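Below sits a lone chain in structure tokens, taken as the form deposited in one PDB entry.
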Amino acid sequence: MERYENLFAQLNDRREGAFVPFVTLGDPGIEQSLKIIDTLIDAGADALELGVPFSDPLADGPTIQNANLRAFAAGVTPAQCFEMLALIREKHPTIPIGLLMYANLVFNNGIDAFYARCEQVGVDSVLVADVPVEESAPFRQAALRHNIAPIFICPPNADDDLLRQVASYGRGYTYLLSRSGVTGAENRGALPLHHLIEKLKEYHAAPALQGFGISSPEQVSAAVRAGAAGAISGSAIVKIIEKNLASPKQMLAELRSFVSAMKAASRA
């Protein structure tokens, strides 16, 4: 989790928000995915959120549903994903790497063993999309034993108990959900989140990253202006993959262009 603490301290010094892309590991294949991820970093990504392909991603809209399907079409397995993660860390020592998981992949071969593998490959955080704070205990315990930050969702429908729980249990960053629904660039969050941001700070929560429906620079700047430490973008990044399947080189160029613009918008 220490990579997040270091990043946030550095970004505070550069008076910048964090820009954090999401991609699915192995979409559209292992080799291209490794190139995609290196392009995101080179173009200014401050941290990564990385999905392991899962059969039933019930928190994801169609864009990311299709990314998982592409990775399965390429034969991508969790074991291959962990191989990828080891290599990504071997290339990039300081960038925080967070995984987006579904519970069954974590529970499958034992929760503790899952987090031990994350620690072995150099992952910094795990967000389990279908585990609410109410069910989180064995997950957050295993995470902390293995120096992994457990990432909690602060939904816009959050009450005071939830804010206090997420502030207490979370590390790394607090995921500030833009809105109800599922991932997708086609739906923009129509709710002011400043009050949640302030309460989380009051309760000494991990710094907040806003996510869901972030697809434009103005949204990155808006997140920072509201007091968030930064912003996560997934579907917008994955749509560039989907748009450019036929042209790997153009795919990387467009990814670079997009990430560069989005990172530039994080300057306060």
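Residue indices: 1-based, along the sequence shown. Residues that one form lacks are left out of the comparison. The term rigid core refers to the maximal set of C-alpha atoms that superpose within 1.5 Å between the two forms.
This protein has a second form, the form deposited in another entry, left out of what is shown; the following refers to that one.
Once you line up the core between the shown form and the other one, the CA of 108 is the only one from 147, 168, 94, 108 that shifts by 2 Å or more. Residue displacement note: residue 43 has its CA displaced by under 2 Å between the shown form and the other one (rigid core superposed). Fitting the two forms on the rigid core leaves the C-alpha of residue 31 displaced by under 2 angstroms between the shown form and the other one.
Shown in the overlay between the shown form and the other one, fitted on the rigid core, is a CA shift at residue 207 smaller than 2 Å. Cα of residue 107 to Cα of residue 162: at least 3 Å longer in the other form than in the shown structure. Where the rigid core is used as the reference frame, consecutive stretches of 3+ residues with C-alpha displacements of 2 Å or more between the shown form and the other one occur at 55-60, 106-108, 189-192.
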